[PDB]
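All remarks here apply to the structure that follows.
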Amino acid sequence: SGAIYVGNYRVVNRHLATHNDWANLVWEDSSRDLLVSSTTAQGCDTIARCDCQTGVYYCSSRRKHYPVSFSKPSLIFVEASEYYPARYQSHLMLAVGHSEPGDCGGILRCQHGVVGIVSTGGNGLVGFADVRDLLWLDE
Ligand SMILES: NC(=O)[C@H]1CCCN(C(=O)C2(c3ccnn3C(F)(F)F)CC2)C1
Ligand SMILES: [Zn+2]
């Protein structure tokens with residue numbers, strides 16, 4: 001689990017969104033595994049606006065932050081699970097790292113701020129849903 005809290009927005013994995021998230025919906029995109037809801041309180045996270053390919057992510061199944069090299073946001077096949085029909089997830093970045101059910105929502109960050117959240121795992125791979133192109137999160 002986990003979310004990004006920027007301004008009056010809460011960014012979560014679409015597959016983990018709560019009823020309150022759907023009842024206060026700002027934007028959602030199944031192809032990206034992202035959903036954004038509105039918040040009453042202002043958040044403290046800042047979004048990175050860059051093309052970094054190195055950063056650090058939080059892995060809840062290890063209680064650890066790991067430094068990683070990750071690919072550029074791309075259209076990558078994701079295998080079927082309880083949340084999606086095996087398919088093509090867009091704006092996804094891959095790295096070598098631990099990710100097991102329970103880890104989605106962990107933040108990936110670089111020197112500029114938050115880059116994205118854990119969205120995939122397995123195989124010593126971790127996939128991140130990018131948020132750097134969502135410029136409206138800053139206003
Ligand atoms: N974004 C996706 O399509 C996810 C949806 C869940 C399935 N996805 C996964 O990679 C797996 C999974 C199942 C439960 N949790 N996780 C994860 F992400 F933490 F690793 C490994 C099988 C793709
Ligand atoms: Zn950066």
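Whatever order the structure lists ligands and atoms in, that order sets their numbers, starting from 1. Values below: every heavy atom of this structure, side chains too, minus hydrogens, waters and symmetry copies. By convention here, the first residue in the shown sequence is residue 1.
- For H15, no nitrogen or oxygen atom sits less than 3.5 Å from a nitrogen or oxygen atom of ligand 1, counting backbone and side chain alike.
- Annotation for ligand 1: atoms under 4.0 Å from non-hydrogen atoms of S119 are 1 (N), 2 (C), 4 (C), 18 (F), 23 (C).
- With a 4.0 Å cut-off on non-hydrogen atoms, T120 touches ligand 1 through its backbone as well as its side chain.
- Taking both residues in full, the closest heavy atoms of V56 and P67 are given as CG2-CA, 4.0 Å, listed atom of the first, atom of the second, then distance.
- Smallest separation of non-hydrogen atoms from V11 and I117: O-CD1, 4.4 Å.
- Nearest heavy-atom pair across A48 and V115 is CB-CG2, 4.2 Å.
- Residues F77 and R87 share a closest heavy-atom pair of CD1-O, 3.1 Å.
- Ion pairing between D29 and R14 fails under the 4.0 Å rule for side-chain N and carboxylate O.
- Across all non-hydrogen atoms, the minimal contact from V68 to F70 is O-CD2, 4.0 Å.
- Set against the non-hydrogen atoms of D33, the atoms of ligand 1 under 4.0 Å away are 1 (N).
- For atom 1 (N) of ligand 1, the closest heavy atom belonging to the protein is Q89 OE1, 2.8 Å.
- By the 4.0 Å heavy-atom criterion, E82 is counted among the residues contacting ligand 1.
- Checking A80, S31, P101 against atom 14 (C) of ligand 1, the nearest heavy atom belongs to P101.
- Which parts of ligand 1 touch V78 is read off a 4.0 Å heavy-atom cut-off, strictly below it: atoms 3 (O), 23 (C).
- Only side-chain heavy atoms of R87 come within less than 4.0 Å of ligand 1; its backbone N, CA, C and O stay farther off.
- Atom numbering of ligand 1 starts at 1 in the shown order; those under 4.0 Å from a heavy atom of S81 are 5 (C), 6 (C), 7 (C).
- For atom 6 (C) of ligand 1, the protein comes within 4.0 Å by at least one heavy atom.
- To the nearest 10 degrees, the Zn ion (ligand 2) sees SG of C52 and SG of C50 at an angle of 110°.
- Minimum heavy-atom separation, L16 to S1: CD1-CA, 4.4 Å.
- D33 and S119 share a side-chain donor-acceptor pair at under 3.5 Å.
- With ligand atoms numbered from 1 in the order given, ligand 1 contributes 18 (F), 19 (F) to contacts under 4.0 Å with heavy atoms of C104.
- Checked against a 3.5 angstrom limit, the closest N/O atoms of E79 and ligand 1 fall outside it.
- A salt bridge does not link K72 with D130: none of the charged nitrogens is closer than 4.0 Å to a carboxylate oxygen.
- For the pair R32 and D133, the salt-bridge criterion is met [side-chain N within less than 4.0 Å of a carboxylate O].
- For the Zn ion (ligand 2), the nearest N, O or S atom contributed by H112 is named ND1.
- Taking every non-hydrogen atom of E100 and a distance limit under 4.0 Å, the qualifying atoms of ligand 1 come out as 19 (F).
- Among the atoms of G121, some N or O lies under 3.5 angstrom from an N or O of ligand 1.
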task: Quick one: do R49 and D138 satisfy salt bridge (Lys or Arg N to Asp or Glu O under 4.0 Å)? Show the steps, please.
output: CA-CA 10 Å; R49 302 296 180 198; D138 300 343; 2.8 Å; yes

